[PDB]
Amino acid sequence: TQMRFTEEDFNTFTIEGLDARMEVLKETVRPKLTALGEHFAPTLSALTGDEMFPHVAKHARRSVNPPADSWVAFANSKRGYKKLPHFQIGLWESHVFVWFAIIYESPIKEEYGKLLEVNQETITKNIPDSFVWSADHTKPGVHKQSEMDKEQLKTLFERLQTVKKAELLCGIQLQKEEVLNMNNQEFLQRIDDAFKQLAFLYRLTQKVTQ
């Protein structure tokens, strides 16, 4: 099946109202998120060495506010993903994102933070300058690695262990124009390649999570 997002998928996030937007989202975006979940779960399991399970994002059951983005997450749990380091594939009306994430809900984000600060040279070395970072998955903004200061990436790890609502996300962005002009396989390959680059970040946390 086709998993690459088309124009009607990005445009779904412009529909006004929770009810109206949700009716379209369950028709355009969600089916593709679920397909992406079944497709990439085996891959991440093979890549990380841990059993990975897909989790399509919920909206109406969690918030009364219309979602500006949706995604499918992958974690080493069959019931959830928010409390563990995970991966994500999603989109806003402007772009598609692929993340390795540690969000506020993670009860042990303080340890991950101290561990990332100790491997800062290795992380900088293995994460391409074309990648991006984020301290909050609910805001579309990101920080480009190419224009990331050494102190900036360090403070980002520090705030992860200092500020309770600070997060850590690393991945890539595929602009709407790019996604609309590439084919399915090229789309799957961009995501697949990003997971290969992001895999070592999961392994670092793998150790601290016992």
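Heads up: residue numbers just count along the shown sequence, starting at 1.
- The deposited model assigns a higher average Cα B-factor to 107-115 than to the other stretch when 107-115 and 128-136 are compared.
- Of the two segments examined, 74-82 and 89-97, it is 74-82 that shows the higher average Cα temperature factor in the deposited entry.
- Across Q175, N65, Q161, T43, the entry's maximum B-factor at the CA atom is seen for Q161.
- For the set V179, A166, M52, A57, the maximum C-alpha B-factor listed in the entry falls on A166.
- Per the deposited record, the Cα B-factor of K154 falls in the highest third when ranked against the other modelled residues of its chain.
- Annotation for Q145: CA B-factor lies in the highest third of the chain's modelled residues.
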